[PDB]
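Down below is the structure, laid out as structure tokens.
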Amino acid sequence: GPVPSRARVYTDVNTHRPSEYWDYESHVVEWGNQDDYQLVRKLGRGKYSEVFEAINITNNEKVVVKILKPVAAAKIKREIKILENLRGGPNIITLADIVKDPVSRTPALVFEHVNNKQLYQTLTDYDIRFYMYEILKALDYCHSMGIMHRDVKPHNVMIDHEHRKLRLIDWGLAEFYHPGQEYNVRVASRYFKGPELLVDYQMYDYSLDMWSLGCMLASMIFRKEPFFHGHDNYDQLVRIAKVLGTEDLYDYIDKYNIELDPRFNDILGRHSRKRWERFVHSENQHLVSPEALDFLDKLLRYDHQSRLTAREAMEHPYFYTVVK
Ligand SMILES: NCc1cc(Cl)cc(-c2cccc3[nH]ccc23)c1
């Protein structure tokens with residue numbers, strides 16, 4: 003069968019934990035009071051939830067309320083456990099309350115207010134490096150705590166540009182990393198899906214978030230939204246193969262003894278690996294540097310084991326110019 007894989011960092015953090023840390027189903031929810039809050043307006047609608055601006059009418063504090071649709075509601079114990087385990091961490095959203103509506107019979111997660122994808126195509130070279138470092142602080146933190154985010158994308162990064170503050174949000178797909186565990190490949194949003202997901206390789210790890218991060222980086226420095234514009238999950242892999250090449254793609258599936266879905270035979274073809282300088286033009290050359298290209302190259306690798314971890318990414322010369 004497929005060759006097994008392990009994370010090369012934080013491999014055994016959850017195995018040393020008392021079961022309460024990762025055994026989220028065992029967690030008993032302490033429901034707060036929904037009457038403490040008044041919903042002001044809907045901020046967005048997704049397949050998993052609806053997000054609203056709200057006020058805690060007791061203290062007059064602004065909050066963000068995420069009302070969960072049935073698919074997300076069924077996994078609420080996992081998301082709560084992850085949010086509580088990570089609360090206080092660098093650039094992680096703060097879960098403030100857990101409430102249940104007796105009217106609709108649905109649960110909601112209440113978060114401390116965060117000010118705010123329209124911004125990330127507008128940043129200077131310095132601000133891309135600065136904001137990328139802030140995202141890396143959150144990814145190193147959750148990875149070090151044995152958690153994979155699995156949905157890194159611009160919409161899950163809330164930027165308060167006036168105060169140069171950033172939060173990694175929507176931990177709804179986040180999961181505890183257990184070495185040797187086979188995970189569901191139906192995670193992350195299409196343009197940010199790692200090759201491992203697209204080839205149905207289930208024994209993935211934290212490195213998945215590093216591919217997603219590279220997609221965000223490629224989009225920012227090249228001003229190409231999204232960077233890998235797949236029509237569907239099959240065309241998503243073809244778009245990646247037109248950039249990274251088919252030769253390294255086949256070496257990847259060979260290393261892990263994976264077989265592509267035969268439908269790739271009439272759509273994949275053969276593609277040379279392109280050099281990153283190929284995506285440089287007059288409108289984006291001020292955002293590109295040899296350090297940016299070297300860094301990007303080291304994130305966007307087929308082999309999930311060969312990608313920089315969050316910590317190695319923070320050591321990259323691309324971040325030497327960022328005040329620490
Ligand atoms: N006091 C009104 C209020 C405050 C908050 Cl924080 C939430 C809700 C709500 C409305 C509709 C569906 C829901 N599911 C879970 C909560 C919820 C109502």
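Sequence positions in the sequence shown follow the deposited numbering and run 3 to 118, 122 to 329.
Note that CB positions come from ideal geometry on N, CA and C, so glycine has one too.
Can you tell me where the alpha helix (DSSP H) holding residue i begins and where it ends?
| i | result |
| --- | --- |
| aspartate 271 | No alpha helix (DSSP H) contains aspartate 271, which DSSP labels as neither H nor E. |
| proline 109 | Unbroken run through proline 109 is the beta strand (DSSP E), 108–114; no alpha helix (DSSP H). |
| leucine 85 | 78–88 |
| residue 119 | Here the chain is numbered 118 followed immediately by 122, so the structure offers no position for residue 119. |
| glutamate 296 | 295–302 |
| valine 66 | Run containing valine 66: none in the alpha helix (DSSP H); it sits in the beta strand (DSSP E), 63–70. |
| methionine 163 | Counting along the chain, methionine 163 falls outside any alpha helix (DSSP H), though it belongs to the beta strand (DSSP E) covering 162–165. |
Among the options, which residue has its Cα nearest to the Cα of residue i?
| i | options | result |
| --- | --- | --- |
| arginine 172 | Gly48, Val53, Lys303, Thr96 | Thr96 |
| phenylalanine 227 | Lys68, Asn62, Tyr125, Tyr50 | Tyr125 |
| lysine 279 | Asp271, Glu264, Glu296, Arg306 | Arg306 |
| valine 53 | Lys44, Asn61, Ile59, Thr60 | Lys44 |
| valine 42 | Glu22, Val67, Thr60, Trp33 | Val67 |
| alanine 297 | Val73, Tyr39, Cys220, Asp210 | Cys220 |
| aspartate 37 | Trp24, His160, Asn61, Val30 | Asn61 |
| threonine 127 | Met153, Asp145, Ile94, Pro159 | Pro159 |
| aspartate 175 | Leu313, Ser212, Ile78, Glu32 | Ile78 |
Roughly how many angstroms lie between the CA atoms of residue i and residue j, to the nearest whole one?
| i | j | result |
| --- | --- | --- |
| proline 92 | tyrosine 26 | 22 Å |
| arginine 10 | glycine 274 | 32 Å |
| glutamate 201 | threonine 251 | 15 Å |
| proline 267 | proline 231 | 27 Å |
| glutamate 282 | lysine 303 | 15 Å |
| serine 277 | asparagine 118 | 40 Å |
| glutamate 180 | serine 294 | 35 Å |
| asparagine 58 | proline 104 | 18 Å |
| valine 5 | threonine 13 | 17 Å |
| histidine 154 | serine 212 | 10 Å |
| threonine 314 | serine 194 | 21 Å |
| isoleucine 94 | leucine 88 | 7 Å |
According to DSSP, what are the bridge partners of residue i?
| i | result |
| --- | --- |
| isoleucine 226 | Per DSSP, none; premise fails for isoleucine 226. |
| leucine 41 | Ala56 |
| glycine 46 | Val53 |
| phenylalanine 181 | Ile152 |
| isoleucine 100 | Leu111 |
| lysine 142 | Answer is none; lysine 142 lacks a bridge partner. |
Output the boundary residues of the beta strand (DSSP E) element that contains residue i.
| i | result |
| --- | --- |
| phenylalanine 54 | 51–58 |
| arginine 10 | Per DSSP, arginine 10 belongs to no beta strand (DSSP E) and is neither H nor E. |
| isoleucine 245 | Note, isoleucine 245: premise wrong, no beta strand (DSSP E); alpha helix (DSSP H) at 238–249. |
| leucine 173 | 170–173 |
Report task. May I ask you to verify whether the stretch 83–94 touches the stretch 9–18, counting CB pairs closer than 8 Å and requiring at least 3? Result -> As far as the Cβ criterion goes, the stretch 83–94 does not touch the stretch 9–18, which means the pair count is below three.
Query raised in the report: Are the stretch 258–266 and the stretch 288–297 in contact at 8 Å, needing three or more beta carbon pairs?
Result: No contact exists between the stretch 258–266 and the stretch 288–297.
Query - Cβ contact (3+ pairs, closer than 8 Å) linking the stretch 136–152 and the stretch 99–113 - result: Touching, no.
**Report entry** Validate contact between the stretch 144–152 and the stretch 231–246 using beta carbons, cut 8 Å, 3 pairs
**Finding:** Remark: fewer than three beta-carbon pairs, one from each stretch, lie closer than 8 Å, so the stretch 144–152 and the stretch 231–246 are not flagged as touching.
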